[PDB]
Structures are given as C-alpha cells and as structure tokens.
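Subsequent text provides structure tokens for two forms of one protein chain, presented individually as structure 1 and structure 2.
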Structure 1
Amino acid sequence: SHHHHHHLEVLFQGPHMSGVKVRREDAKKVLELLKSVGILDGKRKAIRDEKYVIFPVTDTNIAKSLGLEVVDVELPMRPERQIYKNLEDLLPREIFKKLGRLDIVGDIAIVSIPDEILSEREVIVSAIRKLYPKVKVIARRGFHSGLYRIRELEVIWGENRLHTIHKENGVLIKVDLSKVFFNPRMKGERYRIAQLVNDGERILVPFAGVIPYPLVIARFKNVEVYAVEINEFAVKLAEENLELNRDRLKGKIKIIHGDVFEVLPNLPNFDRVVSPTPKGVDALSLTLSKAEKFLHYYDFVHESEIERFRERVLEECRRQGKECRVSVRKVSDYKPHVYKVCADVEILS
C-alpha cells in the first residue's frame, strides 16, 4: 500500500530551476507578493535586464496561480561568504551617491537619506545590515537643532532606541543621540591632542558634551581637565561616563554644568584650552583668553576663507596682547567646499 500524494510531493531532492519574469515597474510588488505567498526562493539571486526582473521561485504551479509568467533560467546561487568592505559594494551607484556618510556610534548606524532615494530605503537598510551585522539600530539623520545641537534622527530599522555605549581610544562613552550631541569622527583629533598633552597640565574643555575629549585626554595623561556643558542631560551622561571610566583614567575631570560664555570669565586661566566649538559659533576670543600656552580652536570654514580665518586668529592674538604662532589644519571634509578646521595656537613666552 502506497503513500499519500501530499506526503510524496515534498520529497524531490533537486534544486529549483525556474523563476518568474516581471516588468521592472512591477518588481517590488511581485517581490512582496512572492514573499507573502511563501514561494520565494532564498537560495538563488534575482537578476534583471533593462526591461525585466526575474525572481527565483520554489513553486511554479502556485506562481502560475498568481498569474505570473514562469521561465526556466539558471540563476546565480546566493553567496555564502561575504567579502564586501564598504557600503558602495552593496548598492547601485545611483543610490549610494545620494547617501550621506555613514557613522557608527556603538551599535547604532546613522546615515542621511534624501527624500528622492527614500523609496529605496529597504535596500539601503539591507546593505547596512550586511556591512555591519553587529549594529542593532539604523537611524536616518537630519540636521542639528536647538542650542544643544541635537541631531534630528528617526529609527528606520531595529531596536527603537538612540542610546548606546561607544568605544573609543580606550574609553567608554555612554551616549543618547536623542538627547545629546556627539561626533565619533573626532576620534583622531581627540587622540592627537591627548598625545600632545604633557603630564601636569591644567586643561579646559568648553562645549564638552558627554565629555569624550576630557575622557580621552585624562585616559592618556595625568592632568586636570575642566569640562563645561550647558545641556543637563549631556552633563548627566558625562557624570555617568566619568564614573564608568574612573579606574582607567590617569587624569582628573571636573564637570561644570553651565553656559560657557558665563562660566569661563569666572574661571582661572589654563595651560591648554580645547574648544570643540558648536558650528557657526564664535568663541575664539573667550577661549583664547583662558589659554596660557596652547589653544586648539575648532571651526567650520569655507575653502576660500581659510587664509582670512588664520588672519582673524592672529588679529585676536594681537588684540589680547599675546605673541603667538598660529597653525591651521584641515580636520575633515564637512560638505562641499567647506572644511572642519582646527587653529593650533602656541602662545609664546
């Protein structure tokens, strides 16, 4: 006596060799459809030409019951190994070129996605998820808003949170991107100055945020750092960060919750001042006034204004009766024709 047909029908060992041929304009719809009905073959790649897309299917009868055109095609197997090293490898150039720079903060990936390629959201996420399998949050970014310069962010994939712990230069940085400002790309800078700093210095860091700069400096050198931040949530996270990194800091950090322009005139002077100035803000005079040996003044300057920028720094140096050497460095490419720069000011004796 024999087997039931509805038991036999699943015994075939061969691979699926067919697919469905659809117009490109239908391709997303159909993909969804195939996934929903449950006949989408994950083992094979989809291919396309200039007019049509072909999706691999696991049941051609059901495919025909969906009114789709069944074709016999040898489709590429899915890759098992992964050799992509950057996002451009995982996206068409027309999509990738409109994307902003991708940033990783802890287990959060942040990318800017213009409205015109927003329909392609799902491939973008996919690519990101493929490049960074460890991240658990993908958020679309806008601009910085308000006095605290908090980045506009919308979670578009993963856990519905914008808080995490970021590892940098040997320190741990608790961050909440919905409540505080933070830029990971300053890593280099923060390390650099940390290496320049000598033991015994008194250092001032205005606009300190969740104190990544004081944390790195104090991580590598036995110094005292004053940090000034006006955002109380950032202050809170800064305290938690100070407590989190306490047993790995050589230096000391004093956190001051307040307005830089109010606090600094009531502070004593320092050996070194490090000013991660908010974009558009001019704190040159005030930060220089608190520096006795070195100022590191960050700013955003247009390509054709660098010279003028340097000149103005020198002017301020003369204005405060200081004799200085001024060096201007391009820290990063901020947007076209616009650089994030740093004025290294050596105050001479």
Structure 2
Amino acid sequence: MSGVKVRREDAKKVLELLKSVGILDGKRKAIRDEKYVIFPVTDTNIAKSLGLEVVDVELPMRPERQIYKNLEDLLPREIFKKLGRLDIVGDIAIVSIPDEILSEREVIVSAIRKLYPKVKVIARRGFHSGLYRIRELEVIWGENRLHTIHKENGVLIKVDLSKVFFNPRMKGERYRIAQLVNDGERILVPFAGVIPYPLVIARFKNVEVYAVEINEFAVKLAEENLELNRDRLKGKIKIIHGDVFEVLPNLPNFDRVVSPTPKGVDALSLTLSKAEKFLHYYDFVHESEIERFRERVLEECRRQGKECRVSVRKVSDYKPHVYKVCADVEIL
C-alpha cells in the first residue's frame, strides 16, 4: 500500500515503465490532481531503484468486479486442491465437489457466484450412467431445476440435464466437424441428443442433416431447439425419434456420417455402411490400443468393399490412459 508521484506530462511514460517492470498495483486505483498523478505500486524498493519519487498515501480500492480473480484466488488452498473443474451451461453451474469437503461447499457456492453472478443454479457433479448417458446431478444451491438454454457457436440449445446428455466442451469438436462439412452434402447424425451437432453443422453451412435419437425427452428438446434456431441456421435439420440400430437400415445413404457413439456401443459397421464419402466415428480407446483401433476400422472398411484412408485422433481424456477418439474415414 504505497504510491508514485509523477508530473502529469510524464504520467503515461511512468505508467508503462511500471507496467514494463511489473510493480503497478492493479488492486488499487490511481489518484490525480492538476499538478501530479500518483500510481499505486507493489514494491517501493524497485520504485526508488528506478529513481522515482515514492509516496505513502491512501489510494482507493477498486470495485471487485474490476479485479481479475480466478476460482483458485477466492478459495482456501486445501479445498481448491480438492476441487473440481467448473463448467457453466446456461443458468446452471456444474462442478465436481468432492465428498470430503462439502461443508465448504457453501463457501464454494459463494466463490462461484462471486465469479459468475448471472448463474442461478449450482449443482454437484457425478458420472454418466444408464443408456441415455444422463449424468448424475444434484443441486447444492439455487433454483431447484436442471433445465436451461445454453449458447454455443452461435446456436441456442435447450437442455434439461436431468433427462438428457449434453457436454459443453464438445463445442470444440463440433465446430471442427462443422468446418470439415461442405455445403450441399446430406449428413446423418445418429445418437443426436438435443441435436447440438446438427444445430452447429447447419449453423455454419447449408446442408441437410438427419438426426436419430432414442430418448423421447431429448427429441422433445431437439424440437424446441430447432424452433429456437429456425431463423439462425443456414441448413435444414430433420429429427427422427427411434433406435439407431432399427432406424438406420431403412434410411438412404449420406455424404457424411458423424457418429458420437455412446460408451460401450459398437455402431462402426452400421454407420460406415450408411456413408459413401466421410465417416467420423467416435469411440473410447486406451492409448496403447489406438493403433489397433485403426486396424479394426480398416478391417471393417475392407469388409464392406470400401477403399478408405483412416486417421484416428484423440478428442478428449475419458479416464486415465483412455481417450475419446475419432476415426476420420475418407471413402474413395
């Protein structure tokens, strides 16, 4: 808590000098008069070593909204070590609050609302289980609801996280798939959920996309999502309520197939059977098996009489040494 006195004509030069060495105090705020300007500094010793006049005065603390804080900043060391990455989906804030530390859950709550004020629901995070891949979520703060509208890559996505699968992070993958698509192709997305992949693909390109999903409430909020985005999309989307393994054999074929396969499911043969130009097949593979995974894909390609180039890439960390991966199959 101390300051720098500089002539107003030199105020800017001193300012960026202090930035250059790095002793300007961002927590406080600078006072000025017609004669001089005072800048708060972190260390006076290097201020005088640079040869500046150093003064001790009370400078106003800045509003907290203007102080750069992270989630580690506002939490004791121990329970931050225990946490617990934060993910925000619309109005819901989802975090993994470990079981040892739930008393500081309430302290945790404050931090999140100090970090994100516009969020109305804070929920504790479990795992994905069952066959709709719904994740275990319980609300530790706020409005007792698990549904909200979420913005991603320019689209609106209605999600009730207690009845459907949705992961915000896959936004990255979605944009990238959206970029591989070319205008005019017909695309099939099995296991489409609340159609985030359709909505993003059609958001950035003029295509027709078929979406197949089995969860009836997921098709409900896919409907509502398409209504929500009707004036936003360049392409067209059609939603099919059904089982992929029953629905797909009766559909026509598609330029590109994007299969976010559910954990444990083998849809490689079917989805590849419905593709002529591109298949993007997601799977869960341990690192040391990744190359074998590729051979499996190549095997299936030649079982269908297709000539393909196959490249598999890591998409995300699923569990220790296991990655969510995608096989890009280019059919010739």
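Definition used throughout: the rigid core is the maximal C-alpha set that superposes within 1.5 Å between two forms. One-based numbering along structure 1's sequence throughout.
Novice: After aligning the rigid core, which of 28, 322, 310, 293 is the one whose Cα travels 2 Å or more between structures 1 and 2?
Specialist: That would be 28.
Novice: Once the core is aligned, does residue 124 move its Cα by at least 2 Å between structures 1 and 2?
Specialist: The answer is yes; the displacement is at least 2 Å.
Novice: Comparing between structures 1 and 2 on the rigid core: C-alpha of residue 281 shifted by 2 Å or more?
Specialist: No; residue 281 is a residue whose C-alpha shifts by less than 2 Å between structures 1 and 2 when the cores are overlaid.
Novice: On a core-based superposition, does residue 96 travel 2 Å or more at its Cα between structures 1 and 2?
Specialist: Yes, the C-alpha moves 2 Å or more.
Novice: Once the two forms are fitted on their rigid core, how many angstrom does the CA of residue 85 move between structures 1 and 2?
Specialist: Its C-alpha position differs by 5.3 Å.
Novice: Please give the CA displacement of residue 185 between structures 1 and 2, in Å, after core superposition.
Specialist: Its C-alpha shift, to one decimal, is 1.2 Å.
Novice: If the core is used for the superposition, what shift in Å does the C-alpha of residue 115 show between structures 1 and 2?
Specialist: Between its two positions, the C-alpha of residue 115 lies 2.9 Å apart after core fitting.
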